[PDB]
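Structure, as structure tokens:
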Amino acid sequence: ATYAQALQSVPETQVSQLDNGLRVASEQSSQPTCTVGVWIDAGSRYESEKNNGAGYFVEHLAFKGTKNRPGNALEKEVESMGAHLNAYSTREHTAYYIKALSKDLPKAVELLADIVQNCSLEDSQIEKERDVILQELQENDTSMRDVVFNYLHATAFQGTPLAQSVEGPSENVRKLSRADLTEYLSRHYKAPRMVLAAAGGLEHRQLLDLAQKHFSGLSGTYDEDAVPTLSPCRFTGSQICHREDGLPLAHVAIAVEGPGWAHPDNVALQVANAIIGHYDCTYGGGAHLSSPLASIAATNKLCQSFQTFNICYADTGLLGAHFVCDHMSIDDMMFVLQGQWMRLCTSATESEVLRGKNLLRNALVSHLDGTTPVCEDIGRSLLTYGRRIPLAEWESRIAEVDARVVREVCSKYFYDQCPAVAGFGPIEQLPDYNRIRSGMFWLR
Amino acid sequence: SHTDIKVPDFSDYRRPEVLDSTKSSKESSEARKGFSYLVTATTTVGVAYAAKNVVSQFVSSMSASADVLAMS
Amino acid sequence: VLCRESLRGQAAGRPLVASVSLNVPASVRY
Amino acid sequence: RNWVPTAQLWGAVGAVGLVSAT
Amino acid sequence: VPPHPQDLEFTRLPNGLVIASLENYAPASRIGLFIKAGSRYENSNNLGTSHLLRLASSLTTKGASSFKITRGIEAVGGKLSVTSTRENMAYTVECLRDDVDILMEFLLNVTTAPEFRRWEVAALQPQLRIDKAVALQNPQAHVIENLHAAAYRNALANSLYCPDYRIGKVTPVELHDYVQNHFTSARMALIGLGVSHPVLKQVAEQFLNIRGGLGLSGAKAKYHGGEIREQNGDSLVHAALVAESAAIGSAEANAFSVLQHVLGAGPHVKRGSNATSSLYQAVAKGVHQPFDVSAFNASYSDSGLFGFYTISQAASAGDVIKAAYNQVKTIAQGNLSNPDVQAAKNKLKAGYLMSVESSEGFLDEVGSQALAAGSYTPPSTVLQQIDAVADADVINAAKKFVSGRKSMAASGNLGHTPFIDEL
Amino acid sequence: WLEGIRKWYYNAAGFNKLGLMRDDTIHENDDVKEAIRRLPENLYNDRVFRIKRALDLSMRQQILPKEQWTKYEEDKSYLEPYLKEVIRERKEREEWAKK
Amino acid sequence: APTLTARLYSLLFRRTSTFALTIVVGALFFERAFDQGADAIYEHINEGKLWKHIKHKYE
């Protein structure tokens, strides 16, 4: 057997839909444990200037006692049954999920339905989670990796929903009332906007019975209004420079406007970002690394780390890169990075593009190993792409990409485009925006 | 927090083609670039006209004068 | 590293295990 | 490979130039 | 549609090398060569030699240059890692299914036929100061180094990271010799995933036949009692207190492993209050601050440690360690209902099944057993092994902790953090 | 066969009168510099002195006594095995960069 | 709809290669256009007074 056959022989994901609106999806395997969860089109982009931080609080309060299982009864019941419970909030996607034994599937689906539908929101507990979030916002303040990314969003998508942090400003956290949380819940947490994903050793029929028996209690449309639909966010080429010499290493994040979840170009952009690659000072290869930026950065010791990212949203995103370096290495790192973008736009060898494809080929198969990443992939895919995309379809789009496609696509999104730049730390060397903007096209 | 930091309003300084914060800039981007890069190109053309004449005149002084051409 | 919520789980789950690689960042599991 | 259309275009740019002043 | 699960095949060569492949029909492959080589098999003289060897995996080999190893693996989208424990070194390659023989070739070249060039090793020396300093940001790491150092005498007291004085002093001859001694047939074990067995066996016969001194077995994990207390000036006060548990092979290991889950093992609910955790609830009722405590359990093929790890403020450490210690002593005296054990067993056996879920953890578990015993025992038998642990074994394990010699390690502002004799 | 002329040319070259071996007189470049850097302490510190003495001779416009002259038979090629490897690795990097 | 100025950017001066070809050719035409225009303006400003106006007279 070969890689192309293995992709085809992979278990086919299956999806059913309840009458009340909920989508229910599953990936069957021969393993004994499983992951099952609930994915929701909810987060910071849906939030507004009044109720920014609602999705975070709700996540904070979610796993504290439900209306039928109070205090820490839910917590005790999940823990005692030998399973894990987890949650997160993306700017566009909130999600709760349980990792458990396959045997435990019915109870897991019930406790998920219990968390979502009938949440308590105890007033004494809101006042405690208020302090917890106020602690956690100071915990994020020290993390320079997160601060520079929140700034990148704030300046890339300035004056729009995407500029907002998922956690929200400290003032909103201090003044967020129960009325706001419950109204945010009643609006956004609903069946047609939700997906129930599962993955492991479990039968699709059974999951659909559990979803029908527990989740069909959710409402299926609106009050004829109150249906919020995403207005597109304006990308703005701009800079934010939090000058702070006291901190040890400068963090820079530069990006151009992204494609959006729907765009086929994403594949060629993933190949593109794989060619430039990513580096950390703990890497083995160093001077002999394939991606010239890493090789140059390793030999000269320009930076501690860099990583090319493609953050995606509904109709836009952030395509670019991130690096952490000494205060005297910012201009050089920036010069090599932009040099690599411009190079890839104008000249791209067939060999390095094949390496770029193979890195991405390996990335897809590496990532979907274990049940939790596959359950995430399902739950995310149905909210973003609409359907689950098979690995064969991905491979078709990777094999589609050759050198000319990478050049046509890189040059489309990068060449002569104003990039959103975010700098935090000892950033006196960080090049002027006109010089950065001059670097976004070439001498040619 | 650092989430208290929102970017101040540039609606005063912005161009008309990017004022609507619900609108994708990409459709205007090529026009916005094309306007500014036209100014630059028009300037370069205007200087190129001048530079050619200035140089040509100095070159012509170095060439054969009127009084030599007369008595040739 | 400020509250009790985040501080949960940081206590040593198992003997530390150092992983270094060609591609992947160097980690210290458990 | 990729510098053939660029070097041809710059070859044209340079050519008309020699026509430009002379 | 559900696909059929295939048996994990198993072969043990005449020269002593353990082989195991699992035909997954997966898109990716996942191959590992596990070796009884690690921090313990260093000695008084040649320290940090496993650490530099762990780092040096991409250096020039006899069949392939350092450049060829890096670029050849990267060009097929693959990745070559090394994962050291105190006992075992796990050289692992990952790639697509059509690029197996290539990564295998490099894997064998690195593990059987490395050159260790004087200049390349000399060039690599400062990387282990970095790699150490990176990991030591996690204070857990340094407390555990100090714990093992103070707990044992010679064998497992060896630090996993290189001693600071040995940075730069590790020779290319010491690496040569450390490989020649330990990277051998009876000590090695080749594991495979997403690959056919016959080719993996034939490669293991053709290339992986080399044998030298040592020949499996080992020395002695001489257990001791110690306390090293590093004054830190840190935000928190990280500490740990253990005693000699059982070695991994016996049912006592499973009793201690259950006792870990009876006590506060580690949280399951995101942003929870640690409900079913025993130790967390014992300390929470006592002192009212930001803290964390958890049950620490190390088990090796020779020996093992068991106890708990405490994180706290300056003054709180005194109360937190005592209250946690007393909660171990209340279990040790015998207050333990049957549902507590039956939950803990369910937590453990679920956690085990979850640990073998991802192919990386699976391969590490197959490679664990291939060295530890020389066999494979599938999950169901491990589930039976857990479920068969009596309540008496849990009370005896908890009692062995309190009765046995103590080993402590703490780092922070330790002004109100007790000694072992003060317990 | 013609080792003679190889021997004649060696003597006619004249670096042996200064007490230099052949590889002391090699023109430095990126490969040679790298090969010289790879040399172990003894061979490096020796070539240092051989060159340091040969320059001191060249200053004074003199040569060594006839017995101290370097011998065609005893002229060790200390630098070659390293320089061959540096060149072969560069050729490999170029052949890999070709694709 | 592709606009007025964007249509220039997209095809005429996105590349710096064509940017110069545009400038050169534009300057080539501009020279003919401007000189001719400003000559005629100066000649209309100074009507009948220059030689070219009174050349037919004595020739």
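Labels used: A, B, ... for chains in the order of the structure tokens, numbers from 1 for residues in each chain, and numbers from 1 for ligands as shown.
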* 10 Å contacts from chain F to chain E using only C-alpha atoms, as a VMD selection string -> chain F and resid 37 to 40 89 92 to 93 96
Could those selected residues go to a file with C-alpha atoms, as a PDB file, in the first residue's frame?
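Written out: out.pdb:
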ATOM      1  CA  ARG F  37      40.321  26.107  11.376  1.00  0.00           C
ATOM      2  CA  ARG F  38      39.549  22.355  11.509  1.00  0.00           C
ATOM      3  CA  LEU F  39      43.247  21.525  12.175  1.00  0.00           C
ATOM      4  CA  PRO F  40      44.021  20.123  15.655  1.00  0.00           C
ATOM      5  CA  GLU F  89      31.007  19.103   1.497  1.00  0.00           C
ATOM      6  CA  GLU F  92      27.610  18.402  -2.015  1.00  0.00           C
ATOM      7  CA  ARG F  93      25.879  21.622  -0.859  1.00  0.00           C
ATOM      8  CA  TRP F  96      21.969  19.698  -3.498  1.00  0.00           C
TER       9      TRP F  96
END
Dump as CSV the rows for residues of chain E within 9 Å of chain C: closest atom pair and distance in Å with one decimal, only C-alpha atoms counted, ordered by chain and rising residue number.
residue,atom,partner,partner_atom,distance
E:51,CA,C:18,CA,8.9
E:54,CA,C:20,CA,6.8
E:55,CA,C:20,CA,6.4
E:57,CA,C:21,CA,8.0
E:58,CA,C:22,CA,7.0
E:70,CA,C:22,CA,7.0
E:73,CA,C:22,CA,8.8
E:74,CA,C:23,CA,7.9
E:78,CA,C:23,CA,8.2
E:79,CA,C:23,CA,5.6
E:80,CA,C:22,CA,5.6
E:81,CA,C:21,CA,4.0
E:82,CA,C:20,CA,5.5
E:83,CA,C:19,CA,4.3
E:84,CA,C:18,CA,5.5
E:85,CA,C:17,CA,5.1
E:86,CA,C:17,CA,7.9
E:131,CA,C:26,CA,7.6
E:134,CA,C:26,CA,8.6
E:135,CA,C:28,CA,6.3
E:138,CA,C:28,CA,8.7
E:140,CA,C:12,CA,6.1
E:141,CA,C:16,CA,6.4
E:144,CA,C:15,CA,7.2
E:145,CA,C:16,CA,8.7
E:160,CA,C:18,CA,7.7
E:161,CA,C:18,CA,8.2
E:235,CA,C:1,CA,8.7
E:236,CA,C:1,CA,8.9
E:238,CA,C:11,CA,8.4
E:240,CA,C:12,CA,8.8
E:265,CA,C:13,CA,7.1
E:266,CA,C:9,CA,5.5
E:267,CA,C:9,CA,5.9
E:270,CA,C:5,CA,8.4
E:271,CA,C:5,CA,5.3
E:272,CA,C:5,CA,7.0
E:273,CA,C:5,CA,7.3
E:274,CA,C:8,CA,8.2
E:289,CA,C:4,CA,7.8
E:290,CA,C:4,CA,4.5
E:291,CA,C:4,CA,5.7
E:292,CA,C:8,CA,5.6
E:293,CA,C:11,CA,6.2
E:294,CA,C:11,CA,5.8
E:295,CA,C:13,CA,7.4
E:296,CA,C:13,CA,5.9
E:297,CA,C:14,CA,6.2
E:298,CA,C:15,CA,6.0
E:299,CA,C:15,CA,8.8
E:308,CA,C:12,CA,8.3
E:309,CA,C:11,CA,5.8
E:310,CA,C:11,CA,6.7
E:311,CA,C:11,CA,6.9
Export of the given selection (N, CA and C atoms) as a compact mmCIF listing (two decimals), in the first residue's frame:
# COMPACT_ATOMS: atom_id res chain seq x y z
N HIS E 51 23.20 13.79 27.28
CA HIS E 51 22.59 15.07 26.90
C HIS E 51 23.15 15.63 25.60
N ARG E 54 22.06 13.25 22.84
CA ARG E 54 20.67 13.61 22.52
C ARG E 54 20.60 14.81 21.55
N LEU E 55 21.43 15.82 21.80
CA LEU E 55 21.52 17.00 20.95
C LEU E 55 22.22 16.74 19.61
N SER E 57 22.20 14.40 17.39
CA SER E 57 21.59 13.43 16.47
C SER E 57 21.70 13.78 14.98
N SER E 58 21.81 15.07 14.66
CA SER E 58 21.97 15.52 13.27
C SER E 58 23.42 15.79 12.84
N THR E 70 19.96 16.67 7.63
CA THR E 70 19.01 17.78 7.82
C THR E 70 18.15 18.00 6.59
N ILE E 73 15.90 14.76 5.22
CA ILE E 73 14.71 14.56 6.05
C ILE E 73 13.69 15.69 5.85
N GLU E 74 14.17 16.93 5.83
CA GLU E 74 13.30 18.09 5.63
C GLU E 74 12.65 18.14 4.24
N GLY E 78 9.81 15.12 6.66
CA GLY E 78 9.95 14.26 7.83
C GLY E 78 10.49 15.00 9.04
N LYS E 79 10.71 14.27 10.13
CA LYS E 79 11.34 14.82 11.33
C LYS E 79 11.94 13.74 12.22
N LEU E 80 13.19 13.97 12.63
CA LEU E 80 13.97 13.04 13.45
C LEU E 80 14.14 13.62 14.85
N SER E 81 13.56 12.94 15.84
CA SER E 81 13.64 13.37 17.24
C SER E 81 14.41 12.38 18.09
N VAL E 82 14.82 12.83 19.27
CA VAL E 82 15.40 11.97 20.31
C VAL E 82 14.74 12.35 21.63
N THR E 83 14.24 11.34 22.35
CA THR E 83 13.55 11.54 23.63
C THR E 83 14.24 10.72 24.71
N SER E 84 14.98 11.40 25.59
CA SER E 84 15.69 10.75 26.69
C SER E 84 14.85 10.73 27.97
N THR E 85 14.83 9.58 28.63
CA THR E 85 14.44 9.48 30.04
C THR E 85 15.75 9.37 30.83
N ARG E 86 15.65 9.05 32.12
CA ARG E 86 16.84 8.68 32.90
C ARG E 86 17.43 7.34 32.45
N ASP E 131 20.00 24.63 25.69
CA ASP E 131 18.98 23.58 25.88
C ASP E 131 18.67 23.29 27.36
N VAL E 134 16.86 26.59 28.74
CA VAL E 134 15.49 26.61 28.22
C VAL E 134 14.56 25.80 29.13
N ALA E 135 14.92 24.55 29.37
CA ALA E 135 14.12 23.64 30.19
C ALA E 135 14.07 24.04 31.67
N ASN E 138 11.29 26.10 33.60
CA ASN E 138 10.29 25.34 34.35
C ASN E 138 10.92 24.88 35.67
N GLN E 140 9.83 23.12 38.08
CA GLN E 140 9.58 21.67 38.18
C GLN E 140 10.84 20.89 37.85
N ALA E 141 11.43 21.20 36.69
CA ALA E 141 12.59 20.48 36.19
C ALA E 141 13.74 20.43 37.19
N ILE E 144 13.04 18.45 40.41
CA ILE E 144 13.12 17.00 40.12
C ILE E 144 14.58 16.52 39.98
N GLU E 145 15.45 17.34 39.37
CA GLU E 145 16.89 17.02 39.30
C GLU E 145 17.48 16.90 40.70
N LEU E 160 19.50 14.61 34.15
CA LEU E 160 19.18 14.37 32.75
C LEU E 160 19.88 15.39 31.85
N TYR E 161 19.91 16.64 32.30
CA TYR E 161 20.68 17.69 31.64
C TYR E 161 22.11 17.68 32.16
N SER E 235 8.83 33.94 42.82
CA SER E 235 7.44 34.26 43.16
C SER E 235 6.80 33.20 44.06
N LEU E 236 6.95 31.94 43.66
CA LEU E 236 6.36 30.79 44.35
C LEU E 236 7.43 30.05 45.16
N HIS E 238 8.31 26.20 45.05
CA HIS E 238 8.19 24.84 44.54
C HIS E 238 8.93 23.85 45.44
N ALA E 240 9.02 19.31 46.77
CA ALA E 240 8.63 17.92 46.59
C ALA E 240 9.15 17.07 47.74
N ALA E 265 -3.85 13.54 41.68
CA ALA E 265 -2.92 13.26 40.58
C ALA E 265 -2.68 14.50 39.71
N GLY E 266 -3.76 15.01 39.13
CA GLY E 266 -3.69 16.18 38.25
C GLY E 266 -5.05 16.47 37.63
N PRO E 267 -5.40 17.77 37.49
CA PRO E 267 -6.78 18.20 37.17
C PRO E 267 -7.34 17.69 35.84
N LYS E 270 -11.31 21.91 33.16
CA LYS E 270 -10.72 23.22 32.90
C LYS E 270 -11.31 24.28 33.83
N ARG E 271 -10.43 24.97 34.56
CA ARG E 271 -10.79 25.98 35.57
C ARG E 271 -11.67 25.43 36.72
N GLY E 272 -11.51 24.14 37.04
CA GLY E 272 -12.21 23.53 38.16
C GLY E 272 -11.55 23.86 39.49
N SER E 273 -12.20 23.47 40.58
CA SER E 273 -11.66 23.62 41.94
C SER E 273 -10.92 22.36 42.45
N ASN E 274 -10.62 21.41 41.56
CA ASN E 274 -10.05 20.10 41.92
C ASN E 274 -10.90 19.38 42.98
N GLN E 289 -5.21 30.29 50.23
CA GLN E 289 -4.36 31.06 49.31
C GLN E 289 -4.40 30.49 47.88
N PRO E 290 -3.67 31.13 46.94
CA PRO E 290 -3.33 30.46 45.68
C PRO E 290 -2.25 29.41 45.90
N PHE E 291 -2.55 28.16 45.56
CA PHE E 291 -1.61 27.05 45.71
C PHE E 291 -1.85 25.98 44.65
N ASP E 292 -0.97 24.99 44.63
CA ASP E 292 -1.25 23.72 43.98
C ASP E 292 -0.40 22.62 44.60
N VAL E 293 -1.01 21.44 44.74
CA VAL E 293 -0.33 20.25 45.22
C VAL E 293 -0.77 19.07 44.35
N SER E 294 0.13 18.12 44.12
CA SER E 294 -0.20 16.91 43.37
C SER E 294 0.69 15.73 43.73
N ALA E 295 0.17 14.54 43.48
CA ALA E 295 0.84 13.28 43.80
C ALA E 295 1.83 12.95 42.69
N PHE E 296 3.10 12.80 43.07
CA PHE E 296 4.18 12.52 42.13
C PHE E 296 4.57 11.06 42.27
N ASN E 297 4.61 10.35 41.15
CA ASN E 297 4.94 8.92 41.13
C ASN E 297 5.89 8.58 39.97
N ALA E 298 7.12 8.24 40.32
CA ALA E 298 8.13 7.78 39.36
C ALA E 298 8.38 6.29 39.58
N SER E 299 8.33 5.51 38.50
CA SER E 299 8.63 4.07 38.56
C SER E 299 9.58 3.71 37.43
N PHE E 308 4.62 13.54 46.78
CA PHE E 308 3.85 14.65 46.23
C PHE E 308 4.69 15.91 46.04
N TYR E 309 4.18 16.79 45.18
CA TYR E 309 4.82 18.05 44.81
C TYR E 309 3.91 19.18 45.30
N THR E 310 4.49 20.20 45.93
CA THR E 310 3.74 21.34 46.46
C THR E 310 4.24 22.66 45.89
N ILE E 311 3.30 23.51 45.48
CA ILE E 311 3.58 24.87 45.01
C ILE E 311 2.75 25.83 45.86
* Pick from G:5, G:47, G:14, G:23, whichever lies nearest to chain D using only C-alpha atoms ->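 Selected residue with least distance to chain D: G:23.
Across chain D, DSSP run on the backbone finds helix (DSSP H, G or I) at residues 3, 4, 5, 6, 7, 8, 9, 10, 11, 12, 13, 14, 15, 16, 17, 18, 19 and 20 of chain D.
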The selected residues should be written to file as an mmCIF file, in the first residue's frame (atoms: N, CA, C and O atoms).
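Result file selection-v5.cif:
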data_model
loop_
_atom_site.group_PDB
_atom_site.id
_atom_site.type_symbol
_atom_site.label_atom_id
_atom_site.label_comp_id
_atom_site.auth_asym_id
_atom_site.auth_seq_id
_atom_site.Cartn_x
_atom_site.Cartn_y
_atom_site.Cartn_z
ATOM 1 N N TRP D 3 13.787 35.540 -14.369
ATOM 2 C CA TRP D 3 14.363 36.840 -14.723
ATOM 3 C C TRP D 3 14.450 37.084 -16.242
ATOM 4 O O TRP D 3 14.960 38.124 -16.659
ATOM 5 N N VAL D 4 13.962 36.147 -17.064
ATOM 6 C CA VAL D 4 13.922 36.322 -18.532
ATOM 7 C C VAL D 4 12.918 37.416 -18.992
ATOM 8 O O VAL D 4 13.299 38.274 -19.793
ATOM 9 N N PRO D 5 11.655 37.400 -18.486
ATOM 10 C CA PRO D 5 10.757 38.508 -18.813
ATOM 11 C C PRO D 5 11.134 39.851 -18.176
ATOM 12 O O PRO D 5 10.880 40.910 -18.764
ATOM 13 N N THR D 6 11.725 39.797 -16.982
ATOM 14 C CA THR D 6 12.212 40.988 -16.281
ATOM 15 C C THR D 6 13.406 41.612 -17.021
ATOM 16 O O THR D 6 13.392 42.809 -17.323
ATOM 17 N N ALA D 7 14.417 40.795 -17.319
ATOM 18 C CA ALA D 7 15.613 41.261 -18.040
ATOM 19 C C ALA D 7 15.312 41.709 -19.474
ATOM 20 O O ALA D 7 16.013 42.576 -20.004
ATOM 21 N N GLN D 8 14.293 41.113 -20.094
ATOM 22 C CA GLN D 8 13.800 41.571 -21.406
ATOM 23 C C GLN D 8 13.121 42.940 -21.287
ATOM 24 O O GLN D 8 13.358 43.820 -22.120
ATOM 25 N N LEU D 9 12.300 43.110 -20.247
ATOM 26 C CA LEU D 9 11.618 44.382 -19.997
ATOM 27 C C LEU D 9 12.617 45.485 -19.637
ATOM 28 O O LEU D 9 12.501 46.605 -20.137
ATOM 29 N N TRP D 10 13.594 45.163 -18.787
ATOM 30 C CA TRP D 10 14.703 46.089 -18.489
ATOM 31 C C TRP D 10 15.606 46.326 -19.705
ATOM 32 O O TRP D 10 16.172 47.412 -19.854
ATOM 33 N N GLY D 11 15.747 45.305 -20.552
ATOM 34 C CA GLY D 11 16.422 45.434 -21.842
ATOM 35 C C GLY D 11 15.725 46.413 -22.771
ATOM 36 O O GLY D 11 16.387 47.159 -23.497
ATOM 37 N N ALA D 12 14.390 46.403 -22.750
ATOM 38 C CA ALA D 12 13.588 47.394 -23.470
ATOM 39 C C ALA D 12 13.705 48.780 -22.832
ATOM 40 O O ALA D 12 13.911 49.764 -23.543
ATOM 41 N N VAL D 13 13.586 48.848 -21.503
ATOM 42 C CA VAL D 13 13.715 50.114 -20.750
ATOM 43 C C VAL D 13 15.038 50.817 -21.053
ATOM 44 O O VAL D 13 15.057 52.025 -21.321
ATOM 45 N N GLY D 14 16.130 50.057 -20.997
ATOM 46 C CA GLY D 14 17.457 50.564 -21.333
ATOM 47 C C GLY D 14 17.579 50.989 -22.783
ATOM 48 O O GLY D 14 18.162 52.049 -23.070
ATOM 49 N N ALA D 15 17.006 50.189 -23.689
ATOM 50 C CA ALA D 15 17.061 50.453 -25.129
ATOM 51 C C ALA D 15 16.459 51.808 -25.469
ATOM 52 O O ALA D 15 17.199 52.724 -25.869
ATOM 53 N N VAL D 16 15.181 52.006 -25.142
ATOM 54 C CA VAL D 16 14.524 53.285 -25.457
ATOM 55 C C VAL D 16 15.314 54.448 -24.839
ATOM 56 O O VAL D 16 15.440 55.508 -25.449
ATOM 57 N N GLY D 17 15.899 54.217 -23.663
ATOM 58 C CA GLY D 17 16.764 55.199 -23.002
ATOM 59 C C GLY D 17 17.844 55.819 -23.865
ATOM 60 O O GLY D 17 17.915 57.026 -23.995
ATOM 61 N N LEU D 18 18.623 54.967 -24.528
ATOM 62 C CA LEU D 18 19.641 55.432 -25.489
ATOM 63 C C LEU D 18 19.023 56.259 -26.630
ATOM 64 O O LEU D 18 19.670 57.122 -27.200
ATOM 65 N N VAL D 19 17.757 55.993 -26.896
ATOM 66 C CA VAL D 19 16.927 56.831 -27.736
ATOM 67 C C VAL D 19 16.486 58.068 -26.962
ATOM 68 O O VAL D 19 16.241 59.103 -27.569
ATOM 69 N N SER D 20 16.323 57.949 -25.650
ATOM 70 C CA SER D 20 15.806 59.017 -24.804
ATOM 71 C C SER D 20 16.588 60.337 -24.905
ATOM 72 O O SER D 20 16.022 61.342 -25.321
#
* Counting only C-alpha atoms, what is within 6 Å of residue 32 (chain E), bar same-chain residues fewer than 6 positions away, as a list in words? -> residues 91, 92, 190 and 191 of chain E
Quick one: contact table of chain A to chain B, 9 Å max, nearest atom pair and distance in Å to one decimal per residue, counting only C-alpha atoms, chain and number order, as a Markdown table?
| residue | atom | partner | partner_atom | distance |
| --- | --- | --- | --- | --- |
| A:134 | CA | B:1 | CA | 8.3 |
| A:137 | CA | B:1 | CA | 5.8 |
| A:138 | CA | B:1 | CA | 6.2 |
| A:140 | CA | B:2 | CA | 8.3 |
| A:141 | CA | B:2 | CA | 6.0 |
| A:147 | CA | B:2 | CA | 7.0 |
| A:150 | CA | B:3 | CA | 7.6 |
| A:151 | CA | B:5 | CA | 8.3 |
| A:154 | CA | B:7 | CA | 6.5 |
| A:155 | CA | B:7 | CA | 6.4 |
| A:157 | CA | B:21 | CA | 8.9 |
| A:158 | CA | B:7 | CA | 6.3 |
| A:159 | CA | B:21 | CA | 6.4 |
| A:160 | CA | B:21 | CA | 6.3 |
| A:163 | CA | B:6 | CA | 7.8 |
| A:164 | CA | B:3 | CA | 7.9 |
| A:165 | CA | B:3 | CA | 6.2 |
| A:167 | CA | B:3 | CA | 7.7 |
| A:168 | CA | B:3 | CA | 6.1 |
| A:169 | CA | B:4 | CA | 4.7 |
| A:170 | CA | B:1 | CA | 5.9 |
| A:171 | CA | B:4 | CA | 7.7 |
| A:231 | CA | B:22 | CA | 5.9 |
| A:232 | CA | B:22 | CA | 5.3 |
| A:233 | CA | B:22 | CA | 5.4 |
| A:234 | CA | B:24 | CA | 5.0 |
| A:235 | CA | B:25 | CA | 6.5 |
| A:236 | CA | B:25 | CA | 7.7 |
| A:240 | CA | B:7 | CA | 8.3 |
| A:257 | CA | B:26 | CA | 8.7 |
| A:316 | CA | B:24 | CA | 8.7 |
| A:416 | CA | B:33 | CA | 8.7 |
| A:417 | CA | B:29 | CA | 8.4 |
* Asked: Please, which residues of chain C, numbered as in this document, come out strand (DSSP E) from DSSP, as a PyMOL selection string?
  -> chain C and resi 17-21+27-29
With only C-alpha atoms as the counted atoms, please give the residues lying no more than 12 Å from residue 11 (chain G), apart from itself and same-chain residues fewer than 5 positions off, as a tab-separated table (two decimals) with N, CA, C and O atoms, in the first residue's frame.
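Below you can see around.tsv, which holds the result:
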chain	number	residue	atom	x	y	z
B	30	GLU	N	-5.97	48.73	-5.13
B	30	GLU	CA	-5.31	48.93	-6.43
B	30	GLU	C	-5.46	50.36	-6.96
B	30	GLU	O	-4.55	50.89	-7.58
B	34	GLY	N	-2.48	52.95	-7.28
B	34	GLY	CA	-2.43	53.55	-8.62
B	34	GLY	C	-2.46	55.06	-8.66
B	34	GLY	O	-1.87	55.66	-9.55
G	2	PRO	N	-13.54	47.26	-12.30
G	2	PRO	CA	-12.22	47.89	-12.35
G	2	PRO	C	-12.31	49.40	-12.62
G	2	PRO	O	-13.01	49.82	-13.54
G	4	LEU	N	-10.65	53.62	-12.76
G	4	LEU	CA	-9.81	54.34	-13.72
G	4	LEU	C	-8.32	54.16	-13.39
G	4	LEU	O	-7.56	53.67	-14.23
G	5	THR	N	-7.93	54.56	-12.18
G	5	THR	CA	-6.52	54.56	-11.77
G	5	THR	C	-6.00	53.16	-11.44
G	5	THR	O	-4.83	52.88	-11.69
G	6	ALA	N	-6.85	52.32	-10.87
G	6	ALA	CA	-6.50	50.92	-10.57
G	6	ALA	C	-6.15	50.12	-11.83
G	6	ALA	O	-5.29	49.24	-11.80
G	16	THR	N	8.01	47.03	-11.15
G	16	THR	CA	8.96	48.14	-11.36
G	16	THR	C	9.59	48.06	-12.76
G	16	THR	O	10.11	49.05	-13.26
G	17	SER	N	9.55	46.87	-13.37
G	17	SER	CA	10.03	46.67	-14.74
G	17	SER	C	9.26	47.51	-15.76
G	17	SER	O	9.87	48.24	-16.55
G	18	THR	N	7.93	47.42	-15.72
G	18	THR	CA	7.06	48.19	-16.62
G	18	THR	C	6.91	49.66	-16.19
G	18	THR	O	6.72	50.53	-17.04
G	19	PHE	N	6.96	49.91	-14.88
G	19	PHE	CA	7.00	51.28	-14.31
G	19	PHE	C	7.95	52.19	-15.10
G	19	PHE	O	7.58	53.29	-15.49
G	22	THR	N	6.95	52.67	-18.83
G	22	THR	CA	5.90	53.69	-18.86
G	22	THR	C	6.48	55.09	-18.78
G	22	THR	O	6.15	55.95	-19.59
* Could you please tell me, as a ChimeraX atom specification, which residues of chain G have an atom within 10 Å of chain B when using only C-alpha atoms? => /G:1-10,12-14,19-20,22-32,34-35
* **Residue neighbourhood region 125-128 of chain A, 10 Å, only C-alpha atoms, exclusion window fewer than 3 positions, as a list in words** =>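 Surrounding residues, per the criterion: residues 57, 58, 60, 61, 64, 65, 71, 120, 121, 122, 131, 132, 133, 134, 174, 176, 177 and 178 of chain A.
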* Find the residues in chain F near chain A: any atom within 10 Å counts, using only C-alpha atoms. Write them as a list in words. =>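 The complete set of qualifying residues is residues 93, 97, 98 and 99 of chain F.
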* Residues within 12 Å of residue 293 (chain A), only C-alpha atoms, excluding chain neighbours under 5 positions, as a ChimeraX atom specification -> /A:273-280,286-288,298-303,305-308,321,323,332-341,343
